[PDB]
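In structure tokens, the next block holds one chain alone, the form deposited in one PDB entry.
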């Protein structure tokens, strides 16, 4: 996982569950409880999973509920630390640019495996968005969508059309409906 983002997860974990739960979880994979992850670092996915396992053991919540909660809250953390991704955007634009953002922010990394998040309009008031990634982080993806709706104060309905593995990649396709029209037909 890219260091920058893992750093957001640590703050978000503090904001959700408190410093003692977080310090002890980090200590438990042998990190400095106060480690600051730089953009010069990448973090092994499995260390992150062990950190979240410890958070689940200490809070009594299942680890998927933790990811879902972290996805929701991490939007606010992103809006504080990387505000230029939010500045003067609406929810629909923010969502449709995510796939590109995720490529741009990992293109400097040798052998990068960003999640793909391709979105396409399927109706005047709805898009489809498909998460595709080896990492299987379905709750984090859903929680980020939920968090995005909260941050932008735009209500959506989220239908999970399908979820499963295909050719070694986890995939989750959702249909996101907005309260008003957001697309119109135009000459292609």
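We call the rigid core whatever largest set of C-alpha positions still superposes within 1.5 Å between the two forms. Positions refer to the first chain, counted from 1.
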| item | value |
| --- | --- |
| Higher-scoring stretch by recorded Cα B factor average, 139-147 or 56-64 | 56-64 |
| Stretch with the greater mean C-alpha B-factor as recorded in the entry, comparing 10-18 against 175-183 | 175-183 |
| Selection by C-alpha B-factor (highest) of 130, 34, 160, 45 | 34 |
| Largest Cα B-factor, entry values, listed residues 75, 96, 101, 87 | 87 |
| Cα B factor band for residue 91 (lowest, middle or highest third within the chain) | middle |
| Third of chain Cα B-factors occupied by residue 70 | lowest |
| Residue 165 by Cα B-factor - lowest, middle or highest third of the modelled chain | highest |
| Within-chain third of residue 119 by Cα B-factor, per the entry | lowest |
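Although it is not shown, the form deposited in another entry is what the next lines describe.
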{"property": "Yes/no, residue 112 Cα shift of 2 Å or more between the shown form and the other one with rigid core fixed", "result": "yes"}
